[PDB]
Amino acid sequence: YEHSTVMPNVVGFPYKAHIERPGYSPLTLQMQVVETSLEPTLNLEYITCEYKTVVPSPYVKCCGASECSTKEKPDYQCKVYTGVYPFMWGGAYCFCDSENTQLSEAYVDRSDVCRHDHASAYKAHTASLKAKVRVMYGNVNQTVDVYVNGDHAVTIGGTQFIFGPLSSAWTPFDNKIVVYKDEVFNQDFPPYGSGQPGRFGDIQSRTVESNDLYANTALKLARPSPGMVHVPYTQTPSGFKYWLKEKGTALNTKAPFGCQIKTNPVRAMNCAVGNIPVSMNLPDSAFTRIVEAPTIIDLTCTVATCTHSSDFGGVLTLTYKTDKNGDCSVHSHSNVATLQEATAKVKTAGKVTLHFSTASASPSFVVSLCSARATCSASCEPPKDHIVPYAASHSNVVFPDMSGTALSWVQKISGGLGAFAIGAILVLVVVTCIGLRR
Amino acid sequence: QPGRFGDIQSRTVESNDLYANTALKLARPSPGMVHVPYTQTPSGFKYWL
Amino acid sequence: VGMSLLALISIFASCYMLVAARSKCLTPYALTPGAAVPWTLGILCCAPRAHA
Amino acid sequence: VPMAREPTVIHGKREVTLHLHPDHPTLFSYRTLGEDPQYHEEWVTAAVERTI
Ligand SMILES: *[C@@H]1O[C@H](CO)[C@@H](O[C@@H]2O[C@H](CO)[C@@H](O[C@@H]3O[C@H](CO)[C@@H](O)[C@H](O)[C@@H]3O)[C@H](O)[C@H]2NC(C)=O)[C@H](O)[C@H]1NC(C)=O
C-alpha cells in the first residue's frame, strides 16, 4: 500500500505518521531524525604555508671580478657589490686592497613543516545531504542510515522507505572556503598566481606534494657595511602568520540555524531547516484484520488541564464502550496538538488517558482511537517558568480556535455592529421606497 | 548567594553554627590517580574587597 | 488599531445613514404648515415636539 | 588543559544574566541559533557579569 507524507527536519522531533487503509485497522508510525550531515563538494584550489628564506654563503672574488647569473628559483635575487674589504677573525684577507667583489644571492622556499601546518583554499558547491533516522511501529525498533535525495530506498522489516529531496536549498558554506585544522572560513582568497606580499597567499603551491611554488615577498638585498661579510636583506613578514593573527571570526561560531561545522571532511551537522518528504510502501503483513482489532463506539473527549509549555503539558481523557480488551493506535489529525504516544491499551473499563503538547491558548483538534473519532477543545494557561534547557516539542502554531474566548468576543462585537448597520440600511431604504411609491 | 558578599555567614564570631552556600560540586576522578577533584565558585568576600 | 478603526468607521457610517433618512422623511413636512401626525411625531424625534 | 568553573545563571524574561569568575584569561562566546544569528566573542579577564 503506497503512502506519502512530510516531516520536519528538526532533530529529536517525535514525528508520527498515521496510515488508514480502509480494509484494515489504522496504523501509526513513529519516526525521528537522530542525525544529519550536509556535505559540500570541494575543488582544491591551492595550499599555503609559512615561508623560509635561505641565504647561501656570500662569494667574495677578491683581486678580481665576478658576474651575476640568473637561475630558476621562486623570487630569486642576486647582485654584485664592489669595493669590499672584508675582515676575519685573524686579519683582513683579500690583500688586493680595493679591487674586490661580493656576489650575494637569496631565494625563498616552503617551510619544513608545510605538510604538517598549512591552510587550504577550496571552491564549494552542490551540497549533498545525508541522514540517520529511527523508525518504530508494531513491534520493530531500529535506526538506519539514508541518503536524502530521491535515489536511496532502505527496507526496514518488510517496509520500503524513500526520502525525497530537501524542500529548501540553503547551504551555509559560501562559494569560497579556507580550511585550517578544524575551522572553516567564508573568505575570498586571491586567485592563483596573483598573491600580494604581507597578506594571505604570499606563497602558493598547487598541492602539498607538488614541486613548483609561486612566492612574492618583495625580497631586497642591501650593500654590506664596510669591513663585514653578512649579506643584508629586507623582506616583509610571512603572510600566513599575519593571517593567523588577524583572520577574524570563524564559521563554527557564526553559522545560522545552530548547526555545527566540522572538518575532515568539511560538513555541517544537525542543521535545522526545511521539510523532508517521505514516500513509503508497505506489505500486507504489517497491518491487522478488522476482525481481531477491538471495536470502539461512543467516543467522547474531555480535557483535564492544559499548559502550553515545551514539555507535554496537557492531559486528555477518552471515554468509550468496547466489547473486548486489546490495543489501539491513537492519533491527532492536526498539528495544533502533538500526542506523546502512538499506541494505547483499551480495556472494558471504558476510560483511557493520554498526554499532549500544544502552543496555542485554545486548541481544537480531532483525535482518533483505532477507527473511532472525537473532537477535543480546551482552554490553556501560560507556563510560569522563564527558561528551560530542552527544545520545543510542539509544532509552534498560535492562532486560536474560532470558538475561543478571544474570537468569541470579537464575533459578538462584530455581530452587534453588523446588525446595527443592517438596521440602518433597512430604515433608509424603507424611507426611500415610501417616497417613491407616492 | 555564591560568588558575592555574604556567601558565608555567622551570627557571631564564637557561634558554632555557620551558613555557607558556595556551590561546591565534586567530580569523577581521572583514571589512574587519587586526587578527589572538586569545583567551586571563588570566595565572595575577596571579590567584595 | 485596525479593529478599532473598522468599528468606528462602521458606526459612524450607520449613524450618518439614520441622519440622512430622517432628513429625507422630514423635509417635505417642513414646506407646508400642516399637522405633524402625532402617531409619527412620537415615533420620530422632530424639531417641533408639540408645536404643530 | 584545565576546565574553567561553571558560571552562575539567573533566569529572566528572554534574557539570561550570567556571572563569570575566571582565574586566567578565558574565551567566552555565544550565538543565537535562529535564522539570523547574534555573533559575539570576547576575552574575559577579571570577574564580570554579562546579559545575553
Ligand atoms: C529502540 O532502541 C533505542 C536504542 O536501542 C532505545 O533507546 C534506549 O532506551 C533505553 C531504555 O529507555 C535506554 O537505556 C537507559 O538510558 C537511560 C538514559 O538516561 C539510562 O539512564 C539508563 O540507565 C538506561 O541505560 C537507552 O539509553 C536508549 N538508547 C538511546 C540511544 O537513547 C528505545 O527505547 C527502543 N524503543 C523502545 C520502544 O524501547
# chains A, B, ... in the order shown; residues from 1 in each chain; ligands from 1

$ closest_atom_pairs --of "chain B" --to "chain D" --cutoff "9 Å" --atoms "only C-alpha atoms" --output "CSV"
residue,atom,partner,partner_atom,distance
B:2,CA,D:8,CA,8.5
B:3,CA,D:21,CA,8.1
B:39,CA,D:5,CA,6.5
B:40,CA,D:5,CA,7.0
B:41,CA,D:5,CA,7.0
B:42,CA,D:21,CA,7.3
B:47,CA,D:47,CA,8.2

$ interface_residues --of "chain A" --to "chain C" --cutoff "6 Å" --atoms "only C-alpha atoms" --output "number ranges by chain"
A: 421, 424, 428

$ atom_distance --atom1 "CA of residue 25 in chain D" --atom2 "CA of residue 44 in chain D"
5.9 Å

$ residues_around --residues "range 24-29 of chain B" --least-positions-apart "3" --cutoff "9 Å" --atoms "only C-alpha atoms" --output "PyMOL selection string"
chain B and resi 21+32-41

$ write_last_selection --atoms "N, CA and C atoms" --output "PDB file, in the first residue's frame"
ATOM      1  N   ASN B  21      27.038  28.847  51.375  1.00  0.00           N
ATOM      2  CA  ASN B  21      26.418  28.497  50.096  1.00  0.00           C
ATOM      3  C   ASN B  21      27.372  28.918  48.985  1.00  0.00           C
ATOM      4  N   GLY B  32      43.569   6.250  36.955  1.00  0.00           N
ATOM      5  CA  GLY B  32      44.912   6.012  37.453  1.00  0.00           C
ATOM      6  C   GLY B  32      45.481   7.033  38.416  1.00  0.00           C
ATOM      7  N   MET B  33      44.634   7.781  39.118  1.00  0.00           N
ATOM      8  CA  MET B  33      45.129   8.738  40.097  1.00  0.00           C
ATOM      9  C   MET B  33      44.203   8.762  41.302  1.00  0.00           C
ATOM     10  N   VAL B  34      44.679   9.389  42.377  1.00  0.00           N
ATOM     11  CA  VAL B  34      43.929   9.507  43.629  1.00  0.00           C
ATOM     12  C   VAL B  34      43.976  10.969  44.072  1.00  0.00           C
ATOM     13  N   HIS B  35      43.019  11.776  43.604  1.00  0.00           N
ATOM     14  CA  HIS B  35      43.114  13.202  43.878  1.00  0.00           C
ATOM     15  C   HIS B  35      41.818  13.927  44.219  1.00  0.00           C
ATOM     16  N   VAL B  36      40.664  13.266  44.210  1.00  0.00           N
ATOM     17  CA  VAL B  36      39.366  13.835  44.606  1.00  0.00           C
ATOM     18  C   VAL B  36      39.168  15.255  44.074  1.00  0.00           C
ATOM     19  N   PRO B  37      38.938  15.430  42.777  1.00  0.00           N
ATOM     20  CA  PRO B  37      38.742  16.776  42.240  1.00  0.00           C
ATOM     21  C   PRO B  37      37.462  17.397  42.761  1.00  0.00           C
ATOM     22  N   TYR B  38      37.393  18.717  42.640  1.00  0.00           N
ATOM     23  CA  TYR B  38      36.196  19.461  43.001  1.00  0.00           C
ATOM     24  C   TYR B  38      36.228  20.786  42.264  1.00  0.00           C
ATOM     25  N   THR B  39      35.069  21.431  42.190  1.00  0.00           N
ATOM     26  CA  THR B  39      34.978  22.754  41.599  1.00  0.00           C
ATOM     27  C   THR B  39      34.071  23.614  42.463  1.00  0.00           C
ATOM     28  N   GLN B  40      34.377  24.907  42.519  1.00  0.00           N
ATOM     29  CA  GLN B  40      33.682  25.772  43.455  1.00  0.00           C
ATOM     30  C   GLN B  40      33.943  27.229  43.113  1.00  0.00           C
ATOM     31  N   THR B  41      32.892  28.038  43.202  1.00  0.00           N
ATOM     32  CA  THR B  41      32.991  29.464  42.934  1.00  0.00           C
ATOM     33  C   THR B  41      33.891  30.141  43.963  1.00  0.00           C
TER      34      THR B  41
END

$ closest_atom_pairs --of "chain A" --to "ligand 1" --cutoff "12 Å" --atoms "only C-alpha atoms and all ligand atoms" --output "CSV"
residue,atom,partner,partner_atom_place_in_ligand_line,distance
A:12,CA,ligand 1,32 (O),10.8
A:29,CA,ligand 1,38 (C),11.8
A:30,CA,ligand 1,38 (C),9.9
A:31,CA,ligand 1,1 (C),11.1
A:32,CA,ligand 1,1 (C),11.1
A:34,CA,ligand 1,31 (C),9.2
A:35,CA,ligand 1,31 (C),11.8
A:133,CA,ligand 1,3 (C),11.6
A:134,CA,ligand 1,1 (C),8.1
A:135,CA,ligand 1,1 (C),8.5
A:136,CA,ligand 1,36 (N),7.3
A:137,CA,ligand 1,38 (C),8.9
A:138,CA,ligand 1,38 (C),9.9
A:139,CA,ligand 1,38 (C),8.1
A:140,CA,ligand 1,1 (C),8.3
A:141,CA,ligand 1,1 (C),4.9
A:142,CA,ligand 1,1 (C),6.1
A:143,CA,ligand 1,2 (O),7.7
A:144,CA,ligand 1,2 (O),11.5
A:341,CA,ligand 1,38 (C),10.3
A:342,CA,ligand 1,38 (C),10.7
A:343,CA,ligand 1,38 (C),10.9

$ write_last_selection --atoms "C-alpha atoms" --output "JSON list (two decimals), in the first residue's frame"
[["chain", "number", "residue", "atom", "x", "y", "z"],
["A", 12, "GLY", "CA", 14.57, 14.94, 18.10],
["A", 29, "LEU", "CA", 4.45, 5.10, 12.78],
["A", 30, "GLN", "CA", 7.00, 6.90, 14.94],
["A", 31, "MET", "CA", 9.95, 8.48, 13.15],
["A", 32, "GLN", "CA", 12.81, 10.64, 14.41],
["A", 34, "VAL", "CA", 18.79, 11.20, 15.08],
["A", 35, "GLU", "CA", 21.47, 12.85, 12.96],
["A", 133, "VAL", "CA", 16.71, 8.20, 11.22],
["A", 134, "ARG", "CA", 14.90, 6.00, 13.73],
["A", 135, "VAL", "CA", 11.74, 4.08, 12.80],
["A", 136, "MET", "CA", 9.30, 2.33, 15.13],
["A", 137, "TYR", "CA", 5.95, 0.64, 14.58],
["A", 138, "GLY", "CA", 4.16, -2.53, 15.57],
["A", 139, "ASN", "CA", 6.97, -4.29, 17.41],
["A", 140, "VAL", "CA", 10.04, -3.28, 15.37],
["A", 141, "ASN", "CA", 12.64, -0.77, 16.51],
["A", 142, "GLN", "CA", 15.76, 0.27, 14.57],
["A", 143, "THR", "CA", 17.76, 3.21, 13.23],
["A", 144, "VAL", "CA", 19.06, 3.29, 9.67],
["A", 341, "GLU", "CA", 2.43, 8.03, 22.34],
["A", 342, "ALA", "CA", 1.19, 6.12, 19.32],
["A", 343, "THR", "CA", -0.45, 3.11, 20.98]]

$ residues_around --residues "residue 36 in chain C" --least-positions-apart "3" --cutoff "10 Å" --atoms "only C-alpha atoms" --output "MDAnalysis selection string"
chainID C and resid 26 29:30 33 39:42 46 48:52

$ interface_residues --of "chain D" --to "chain A" --cutoff "9 Å" --atoms "only C-alpha atoms" --output "list in words"
residues 11, 12, 13, 14, 15, 16, 29, 30, 31, 32, 33, 34, 35, 36, 37, 38, 39, 40 and 41 of chain D

$ atom_distance --atom1 "CA of residue 2 in chain C" --atom2 "CA of residue 413 in chain A"
14.3 Å

$ atom_distance --atom1 "CA of residue 124 in chain A" --atom2 "CA of residue 40 in chain A"
6.2 Å

$ select_by_dssp --residues "range 187-425 of chain A" --states "alpha helix (DSSP H)" --output "number ranges by chain"
A: 239-245, 405-425

$ residues_around --residues "residue 42 in chain D" --least-positions-apart "6" --cutoff "9 Å" --atoms "only C-alpha atoms" --output "PyMOL selection string"
chain D and resi 26-29

$ write_last_selection --atoms "C-alpha atoms" --output "PDB file, in the first residue's frame"
ATOM      1  CA  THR D  26      39.449  32.538  29.034  1.00  0.00           C
ATOM      2  CA  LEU D  27      37.367  32.767  25.869  1.00  0.00           C
ATOM      3  CA  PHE D  28      33.622  33.388  26.133  1.00  0.00           C
ATOM      4  CA  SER D  29      31.368  33.261  23.095  1.00  0.00           C
TER       5      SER D  29
END

$ select_by_dssp --residues "range 46-264 of chain A" --states "strand (DSSP E)" --output "PyMOL selection string"
chain A and resi 46-48+51-54+59-60+77-82+101-110+119-136+143-147+153-156+159-163+176-180+183-185+203-204+214-215+220-221+233-234+260-262

$ write_last_selection --atoms "C-alpha atoms" --output "CSV table (one decimal), in the first residue's frame"
chain,number,residue,atom,x,y,z
A,46,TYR,CA,45.8,25.8,-3.7
A,47,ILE,CA,47.6,25.5,-0.4
A,48,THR,CA,49.6,28.0,1.7
A,51,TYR,CA,57.9,30.5,4.0
A,52,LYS,CA,61.6,30.1,4.9
A,53,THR,CA,64.2,32.2,3.2
A,54,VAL,CA,67.6,30.6,2.5
A,59,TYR,CA,81.1,34.6,-2.5
A,60,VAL,CA,83.8,37.3,-2.5
A,77,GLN,CA,67.6,37.8,-6.1
A,78,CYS,CA,71.4,38.2,-6.8
A,79,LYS,CA,73.7,41.2,-7.0
A,80,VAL,CA,77.4,42.2,-7.0
A,81,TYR,CA,78.9,44.9,-4.8
A,82,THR,CA,82.3,46.5,-5.5
A,101,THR,CA,83.7,42.0,-5.5
A,102,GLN,CA,81.0,40.3,-3.4
A,103,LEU,CA,78.1,38.4,-5.0
A,104,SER,CA,75.0,38.0,-2.9
A,105,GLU,CA,72.1,35.6,-3.5
A,106,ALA,CA,68.8,34.9,-1.9
A,107,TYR,CA,65.7,32.9,-2.6
A,108,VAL,CA,62.7,31.6,-0.8
A,109,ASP,CA,61.3,28.1,-0.2
A,110,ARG,CA,58.4,26.5,1.6
A,119,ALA,CA,45.9,26.1,5.1
A,120,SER,CA,43.8,25.0,2.1
A,121,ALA,CA,41.7,27.1,-0.2
A,122,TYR,CA,38.6,25.4,-1.7
A,123,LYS,CA,35.7,26.2,-4.0
A,124,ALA,CA,32.4,24.7,-2.7
A,125,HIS,CA,29.1,24.0,-4.5
A,126,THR,CA,26.3,21.4,-4.8
A,127,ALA,CA,25.8,20.2,-1.2
A,128,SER,CA,24.6,16.6,-0.7
A,129,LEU,CA,22.7,15.7,2.4
A,130,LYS,CA,23.0,12.5,4.5
A,131,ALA,CA,20.8,11.5,7.4
A,132,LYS,CA,20.3,8.8,10.1
A,133,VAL,CA,16.7,8.2,11.2
A,134,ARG,CA,14.9,6.0,13.7
A,135,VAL,CA,11.7,4.1,12.8
A,136,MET,CA,9.3,2.3,15.1
A,143,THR,CA,17.8,3.2,13.2
A,144,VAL,CA,19.1,3.3,9.7
A,145,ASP,CA,21.3,5.5,7.5
A,146,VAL,CA,19.8,7.1,4.5
A,147,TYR,CA,20.9,9.4,1.6
A,153,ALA,CA,15.5,3.3,-0.6
A,154,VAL,CA,16.1,1.3,2.5
A,155,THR,CA,14.0,-1.6,3.8
A,156,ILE,CA,13.0,-1.8,7.4
A,159,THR,CA,8.6,-1.9,4.6
A,160,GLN,CA,10.3,0.3,2.0
A,161,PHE,CA,11.1,3.9,2.6
A,162,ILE,CA,12.4,6.7,0.3
A,163,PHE,CA,13.4,10.2,1.5
A,176,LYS,CA,34.9,30.1,-1.5
A,177,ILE,CA,36.3,28.4,1.6
A,178,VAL,CA,39.5,28.5,3.6
A,179,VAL,CA,40.2,25.4,5.8
A,180,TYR,CA,42.7,25.3,8.6
A,183,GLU,CA,37.9,25.7,11.3
A,184,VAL,CA,36.1,26.9,8.2
A,185,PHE,CA,36.1,30.5,7.0
A,203,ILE,CA,53.4,32.0,-1.3
A,204,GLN,CA,51.3,29.4,-3.1
A,214,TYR,CA,54.9,30.9,-6.5
A,215,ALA,CA,56.2,33.4,-4.0
A,220,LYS,CA,65.6,43.0,-1.4
A,221,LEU,CA,69.3,43.0,-0.8
A,233,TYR,CA,68.3,41.7,3.2
A,234,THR,CA,64.9,43.1,3.9
A,260,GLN,CA,27.9,22.5,14.0
A,261,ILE,CA,30.7,22.9,11.5
A,262,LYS,CA,33.3,20.1,11.5

$ decode --residues "range 16-30 of chain C" --atoms "N, CA, C and O atoms" --output "PDB file, in the first residue's frame"
ATOM      1  N   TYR C  16     -24.738  58.107  10.213  1.00  0.00           N
ATOM      2  CA  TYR C  16     -24.994  59.009   9.097  1.00  0.00           C
ATOM      3  C   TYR C  16     -26.184  58.542   8.275  1.00  0.00           C
ATOM      4  O   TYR C  16     -26.967  59.362   7.783  1.00  0.00           O
ATOM      5  N   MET C  17     -26.323  57.231   8.089  1.00  0.00           N
ATOM      6  CA  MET C  17     -27.476  56.727   7.351  1.00  0.00           C
ATOM      7  C   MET C  17     -28.781  57.083   8.052  1.00  0.00           C
ATOM      8  O   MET C  17     -29.735  57.532   7.405  1.00  0.00           O
ATOM      9  N   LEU C  18     -28.845  56.906   9.374  1.00  0.00           N
ATOM     10  CA  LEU C  18     -30.063  57.316  10.075  1.00  0.00           C
ATOM     11  C   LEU C  18     -30.315  58.812   9.941  1.00  0.00           C
ATOM     12  O   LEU C  18     -31.460  59.239   9.749  1.00  0.00           O
ATOM     13  N   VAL C  19     -29.267  59.629  10.053  1.00  0.00           N
ATOM     14  CA  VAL C  19     -29.460  61.075   9.953  1.00  0.00           C
ATOM     15  C   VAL C  19     -30.020  61.450   8.588  1.00  0.00           C
ATOM     16  O   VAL C  19     -30.972  62.236   8.479  1.00  0.00           O
ATOM     17  N   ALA C  20     -29.440  60.891   7.525  1.00  0.00           N
ATOM     18  CA  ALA C  20     -29.921  61.196   6.182  1.00  0.00           C
ATOM     19  C   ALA C  20     -31.358  60.731   5.996  1.00  0.00           C
ATOM     20  O   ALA C  20     -32.168  61.429   5.375  1.00  0.00           O
ATOM     21  N   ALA C  21     -31.693  59.555   6.526  1.00  0.00           N
ATOM     22  CA  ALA C  21     -33.062  59.072   6.400  1.00  0.00           C
ATOM     23  C   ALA C  21     -34.041  60.006   7.094  1.00  0.00           C
ATOM     24  O   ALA C  21     -35.113  60.302   6.554  1.00  0.00           O
ATOM     25  N   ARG C  22     -33.698  60.478   8.294  1.00  0.00           N
ATOM     26  CA  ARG C  22     -34.613  61.372   8.997  1.00  0.00           C
ATOM     27  C   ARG C  22     -34.764  62.689   8.255  1.00  0.00           C
ATOM     28  O   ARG C  22     -35.875  63.222   8.143  1.00  0.00           O
ATOM     29  N   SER C  23     -33.666  63.225   7.726  1.00  0.00           N
ATOM     30  CA  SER C  23     -33.780  64.444   6.935  1.00  0.00           C
ATOM     31  C   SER C  23     -34.707  64.236   5.745  1.00  0.00           C
ATOM     32  O   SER C  23     -35.582  65.069   5.475  1.00  0.00           O
ATOM     33  N   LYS C  24     -34.541  63.120   5.033  1.00  0.00           N
ATOM     34  CA  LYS C  24     -35.358  62.867   3.852  1.00  0.00           C
ATOM     35  C   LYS C  24     -36.827  62.714   4.214  1.00  0.00           C
ATOM     36  O   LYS C  24     -37.701  63.221   3.506  1.00  0.00           O
ATOM     37  N   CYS C  25     -37.120  62.020   5.309  1.00  0.00           N
ATOM     38  CA  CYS C  25     -38.503  61.795   5.702  1.00  0.00           C
ATOM     39  C   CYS C  25     -39.158  63.017   6.320  1.00  0.00           C
ATOM     40  O   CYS C  25     -40.389  63.078   6.372  1.00  0.00           O
ATOM     41  N   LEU C  26     -38.385  63.986   6.798  1.00  0.00           N
ATOM     42  CA  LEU C  26     -38.981  65.115   7.487  1.00  0.00           C
ATOM     43  C   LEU C  26     -38.969  66.403   6.675  1.00  0.00           C
ATOM     44  O   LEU C  26     -39.709  67.329   7.018  1.00  0.00           O
ATOM     45  N   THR C  27     -38.169  66.494   5.610  1.00  0.00           N
ATOM     46  CA  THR C  27     -38.129  67.772   4.902  1.00  0.00           C
ATOM     47  C   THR C  27     -39.409  68.123   4.131  1.00  0.00           C
ATOM     48  O   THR C  27     -39.686  69.318   3.977  1.00  0.00           O
ATOM     49  N   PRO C  28     -40.213  67.176   3.621  1.00  0.00           N
ATOM     50  CA  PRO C  28     -41.459  67.617   2.971  1.00  0.00           C
ATOM     51  C   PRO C  28     -42.404  68.319   3.925  1.00  0.00           C
ATOM     52  O   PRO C  28     -42.991  69.345   3.566  1.00  0.00           O
ATOM     53  N   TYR C  29     -42.546  67.810   5.144  1.00  0.00           N
ATOM     54  CA  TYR C  29     -43.422  68.421   6.133  1.00  0.00           C
ATOM     55  C   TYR C  29     -42.945  69.797   6.558  1.00  0.00           C
ATOM     56  O   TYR C  29     -43.702  70.521   7.209  1.00  0.00           O
ATOM     57  N   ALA C  30     -41.713  70.170   6.218  1.00  0.00           N
ATOM     58  CA  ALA C  30     -41.163  71.473   6.562  1.00  0.00           C
ATOM     59  C   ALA C  30     -41.406  72.499   5.466  1.00  0.00           C
ATOM     60  O   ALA C  30     -40.796  73.572   5.480  1.00  0.00           O
TER      61      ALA C  30
END
